[PDB]
Protein chains: 2
Amino acid sequence: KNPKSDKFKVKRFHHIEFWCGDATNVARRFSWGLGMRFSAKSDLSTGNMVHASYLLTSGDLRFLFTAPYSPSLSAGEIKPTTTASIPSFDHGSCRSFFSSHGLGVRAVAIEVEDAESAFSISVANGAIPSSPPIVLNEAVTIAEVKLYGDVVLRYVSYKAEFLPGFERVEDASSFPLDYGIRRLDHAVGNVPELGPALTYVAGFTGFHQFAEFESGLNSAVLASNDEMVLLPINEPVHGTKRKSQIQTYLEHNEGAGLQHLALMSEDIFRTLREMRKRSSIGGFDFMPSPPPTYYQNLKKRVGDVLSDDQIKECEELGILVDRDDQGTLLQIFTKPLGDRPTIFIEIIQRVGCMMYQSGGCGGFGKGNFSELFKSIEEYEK
Amino acid sequence: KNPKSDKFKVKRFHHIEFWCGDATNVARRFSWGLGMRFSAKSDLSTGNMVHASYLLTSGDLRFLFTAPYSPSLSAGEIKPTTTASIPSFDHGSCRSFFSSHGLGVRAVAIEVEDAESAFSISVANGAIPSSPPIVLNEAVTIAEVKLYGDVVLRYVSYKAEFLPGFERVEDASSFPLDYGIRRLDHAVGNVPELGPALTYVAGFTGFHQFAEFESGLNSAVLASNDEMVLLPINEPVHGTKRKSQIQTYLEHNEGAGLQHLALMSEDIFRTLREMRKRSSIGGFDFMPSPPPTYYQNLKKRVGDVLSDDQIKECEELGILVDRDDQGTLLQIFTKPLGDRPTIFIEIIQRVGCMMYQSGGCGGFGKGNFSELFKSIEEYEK
Ligand SMILES: Cc1c(C(=O)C2=C(O)CCCC2=O)ccc2c1c(=O)n(-c1ccccc1)c(=O)n2C
Ligand SMILES: Cc1c(C(=O)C2=C(O)CCCC2=O)ccc2c1c(=O)n(-c1ccccc1)c(=O)n2C
Ligand SMILES: [Co+2]
Ligand SMILES: [Co+2]
């Protein structure tokens, strides 16, 4: 059931901003490993004396990487005279975020009809303000509220290319990489307590709980009206045999934050072939693959959706498969993106729920906790 | 003239340590862009709760990338009980270094006969101590003194694989990249005042001035007995037409530090082909190439050392060429390695001075300041 209780008009995920120590090196690594092109920049060469920000794109997916310069370069500036292209940026906040959490997501940005309105309504409904609405070149409005931990939910709205003050990157510096990733499907937070986290965010957005079907977690999913913005949230379950990966996150991340970004591919097989070719030459590594019993067990579960060849292709690439009552999910998880066992990426593709495909078709793979366990025991034979 | 006045026995450059915000992402980028394999690690998976350190190698060149974890992971430790593999590491120092300078070199490490002796003698001769000699697993001794700014000169000596507590990386995670780079030729510091910098370092090492032949700089080179350890130092020259690149460095770096690392290739043509193929897919960009007049002018200067084809190959790759009285130098410079216009890399190959090749054969390319200027004017025709 979907009560369509959004308190302001939400369109789509717009972008994800990483706060880095060196934006250049993270962005170049992510570009190669994920097949995203360099699309826009705001840095010293564009007149920004405050921060370096580089934008990667693949389809509609937008990854922004930002790091502070020396405060000495902009010491004479004040907010009215700032050269920063993202007015919510603050040197002290960025250094404190990164020193506290390491590399990770600072902003989950969604496009809305009116960012000023979304901010006002959100704050009126319990949101903790983080950066007030600011109109950029009379063209774009951006505002931020706290989501969980030091992660903010960023609203962006356009009167009518990324943001004013960003320049389109030189054609020669912009190699057209593409491994098939097309948009952000969902963005997941880890928190110590799921209940209060859910009440707060659903409180100020109006997002409704998205319907699901000892793994170390309890989780729930918040969703916008058309269920295209999906924000799952996890809490640990303690006292378990194997230590909870949610708890390990909170420990190494110094508290709550974004756990994983799930990127939808138009062809998960090609995406995984391309990413795995690059794992040991600068790209991303993947979780260890399930045993062959897991793939033997796929004939019975989804043998009506995937052929034997497509199931064998899943096995070659370590892909996981789960199923709802409305659709099927193909998924795989990377190892952590940086030094700490905190943030990782999920690659996904959804089959079914055609009307356009409805959001969350096939779920989020919680069925794969059971099947991975049974599979491991099966293989132990 | 070489008075061979070293105050302790120095062997070779051993390694360069970068202090990073996220060592994983910098190391993966450098590996792909320079063609260096992952050779050793010390991180959570090896029991190091203090820092993540990853070692890349190409031939004898050793790049170490280190970043701190949350201090909370090791809050119960004391130096006697440390899990750090590099006992000189300090969370506060590393965060302060990186927040002050951004990505750059923390340690220039040289192998010596006896690191304890080199430390004692250095300090007795004016060196500012930074980390006292510490014996690792009764096998390796490491000690550090200040070089310039927040850069240290690290001494390492072995009784008899990188350092104790480092593990050799998994074969599958260690792809055998190699674009022909083989060793560190020289490591260059930028300082506000060359005179005091030279007197200090030559004071405590015994290194002698290495013989040279409005570019924005004055420079001098310090060298060990066999002139295989080469430490050039630059200071700005002010009041010039075009602003001094040494001054821009000092401003953006918040003071003195390492300007460039020069990496010797066994085949600079292949190295530059391989690096340029990767510039826009995660690797490194190069300075804009000299005009064709520069290469037309190469026939007269070095036409007895390089064929017409080799000169044309230099022109295809943007390589610079300079000449001593004893040898010839092929060189090219990358754009800055990270966000700030501070540290960059030089690729070089030296021709001549065969006895083994003697160090610094052909110089450091200061002749290319003149030739680049004349070339630009020539081309302006
Ligand atoms: C993160 C994840 C998801 C996932 O995306 C996700 C959502 O989108 C929102 C709902 C909660 C949730 O979990 C699905 C299945 C996973 C995992 C996962 O992390 N692990 C795992 C655990 C410990 C070590 C290695 C892997 C799994 O085993 N399964 C089977
Ligand atoms: C750094 C460099 C070197 C070099 O390696 C080096 C040493 O090893 C030690 C002695 C001093 C020194 O300079 C040689 C020649 C260079 C440059 C250089 O930086 N530039 C440059 C300047 C401004 C913008 C872009 C490039 C040059 O034009 N030349 C021609
Ligand atoms: Co997910
Ligand atoms: Co040089």
# chains A, B, ... in the order shown; residues from 1 in each chain; ligands from 1
$ interface_residues --of "chain B" --to "chain A" --cutoff "8 Å" --atoms "only C-alpha atoms" --output "PyMOL selection string"
chain B and resi 20-26+28-29+31-32+52+69-70+73+95+98-103+172-175+177+252-254+280-283+337-340
$ residues_near_ligand --ligand "ligand 2" --cutoff "7 Å" --atoms "only C-alpha atoms and all ligand atoms" --output "VMD selection string"
chain B and resid 186 188 219 to 221 232 to 234 245 260 287 346 364 to 369 372
$ select_by_dssp --residues "range 1-120 of chain A" --states "alpha helix (DSSP H)" --output "compact mmCIF listing (two decimals) with N, CA and C atoms, in the first residue's frame"
# COMPACT_ATOMS: atom_id res chain seq x y z
N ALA A 23 40.07 15.26 -4.12
CA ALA A 23 38.98 14.90 -5.03
C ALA A 23 39.50 14.35 -6.35
N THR A 24 40.65 14.84 -6.81
CA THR A 24 41.21 14.40 -8.09
C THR A 24 41.43 12.89 -8.10
N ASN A 25 42.08 12.36 -7.06
CA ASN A 25 42.48 10.96 -7.08
C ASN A 25 41.29 10.03 -6.90
N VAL A 26 40.37 10.38 -6.01
CA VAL A 26 39.16 9.57 -5.87
C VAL A 26 38.36 9.57 -7.17
N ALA A 27 38.14 10.75 -7.74
CA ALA A 27 37.35 10.83 -8.97
C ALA A 27 38.01 10.05 -10.12
N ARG A 28 39.33 10.14 -10.27
CA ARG A 28 39.94 9.39 -11.36
C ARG A 28 39.79 7.89 -11.14
N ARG A 29 39.94 7.43 -9.89
CA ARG A 29 39.78 6.00 -9.59
C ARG A 29 38.36 5.54 -9.89
N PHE A 30 37.36 6.28 -9.41
CA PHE A 30 35.97 5.90 -9.61
C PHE A 30 35.60 5.91 -11.08
N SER A 31 36.16 6.86 -11.83
CA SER A 31 35.84 6.96 -13.25
C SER A 31 36.25 5.70 -13.99
N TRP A 32 37.49 5.27 -13.77
CA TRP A 32 38.01 4.06 -14.40
C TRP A 32 37.28 2.82 -13.90
N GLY A 33 37.05 2.72 -12.58
CA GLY A 33 36.50 1.50 -12.03
C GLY A 33 35.02 1.29 -12.32
N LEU A 34 34.26 2.38 -12.47
CA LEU A 34 32.83 2.30 -12.70
C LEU A 34 32.42 2.67 -14.11
N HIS A 91 35.04 24.61 4.99
CA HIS A 91 36.34 23.96 5.20
C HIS A 91 36.33 23.13 6.47
N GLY A 92 35.97 23.75 7.59
CA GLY A 92 35.99 23.04 8.87
C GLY A 92 35.08 21.83 8.88
N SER A 93 33.87 21.98 8.34
CA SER A 93 32.95 20.84 8.27
C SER A 93 33.53 19.73 7.41
N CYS A 94 34.12 20.08 6.27
CA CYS A 94 34.63 19.04 5.37
C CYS A 94 35.82 18.31 5.98
N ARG A 95 36.75 19.04 6.59
CA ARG A 95 37.88 18.37 7.22
C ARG A 95 37.43 17.53 8.40
N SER A 96 36.49 18.03 9.19
CA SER A 96 35.99 17.26 10.32
C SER A 96 35.24 16.01 9.86
N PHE A 97 34.40 16.15 8.83
CA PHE A 97 33.71 14.98 8.28
C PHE A 97 34.72 13.92 7.86
N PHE A 98 35.70 14.31 7.04
CA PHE A 98 36.64 13.32 6.50
C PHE A 98 37.53 12.74 7.59
N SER A 99 38.04 13.57 8.50
CA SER A 99 38.86 13.01 9.56
C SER A 99 38.04 12.09 10.46
N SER A 100 36.74 12.37 10.63
CA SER A 100 35.91 11.51 11.47
C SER A 100 35.48 10.23 10.77
N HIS A 101 35.07 10.31 9.50
CA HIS A 101 34.48 9.17 8.81
C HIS A 101 35.35 8.57 7.72
N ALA A 115 13.04 23.85 -4.04
CA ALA A 115 13.91 23.50 -2.92
C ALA A 115 13.63 24.38 -1.71
N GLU A 116 13.31 25.65 -1.93
CA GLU A 116 12.93 26.52 -0.83
C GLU A 116 11.71 25.98 -0.10
N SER A 117 10.67 25.60 -0.84
CA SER A 117 9.49 25.02 -0.22
C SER A 117 9.82 23.72 0.51
N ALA A 118 10.54 22.81 -0.16
CA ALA A 118 10.87 21.53 0.47
C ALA A 118 11.63 21.74 1.77
N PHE A 119 12.55 22.71 1.79
CA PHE A 119 13.27 23.02 3.02
C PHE A 119 12.32 23.51 4.10
N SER A 120 11.50 24.52 3.77
CA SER A 120 10.59 25.09 4.76
C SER A 120 9.68 24.02 5.34
$ residues_around --residues "range 140-147 of chain A" --least-positions-apart "3" --cutoff "6 Å" --atoms "only C-alpha atoms" --output "PyMOL selection string"
chain A and resi 115+128-136+151-158
$ write_last_selection --atoms "C-alpha atoms" --output "compact mmCIF listing (two decimals), in the first residue's frame"
# COMPACT_ATOMS: atom_id res chain seq x y z
CA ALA A 115 13.91 23.50 -2.92
CA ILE A 128 17.18 19.52 11.42
CA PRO A 129 18.35 22.31 9.09
CA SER A 130 21.86 22.13 7.70
CA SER A 131 22.14 24.75 4.95
CA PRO A 132 19.34 27.23 4.16
CA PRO A 133 17.96 27.67 0.63
CA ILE A 134 20.37 29.56 -1.60
CA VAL A 135 19.56 30.62 -5.15
CA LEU A 136 22.47 30.19 -7.56
CA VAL A 151 24.91 12.84 5.92
CA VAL A 152 22.56 15.52 4.58
CA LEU A 153 19.57 15.25 2.28
CA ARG A 154 20.10 17.91 -0.36
CA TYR A 155 17.15 19.44 -2.24
CA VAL A 156 17.80 20.93 -5.68
CA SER A 157 15.26 22.61 -7.97
CA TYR A 158 15.65 24.27 -11.37
$ atom_distance --atom1 "CA of residue 126 in chain A" --atom2 "CA of residue 194 in chain A"
16.8 Å
$ select_by_dssp --residues "range 23-147 of chain B" --states "strand (DSSP E or B)" --output "ChimeraX atom specification"
/B:37-42,51-58,61-68,104-112,129-136,140-147
$ closest_residue --among "B:352, B:59, B:327, B:363" --to "residue 227 in chain B" --atoms "only C-alpha atoms"
B:363
$ atom_distance --atom1 "CA of residue 8 in chain A" --atom2 "CA of residue 210 in chain A"
18.0 Å
$ closest_residue --among "B:165, B:180, B:189, B:104" --to "ligand 4" --atoms "only C-alpha atoms and all ligand atoms"
B:189
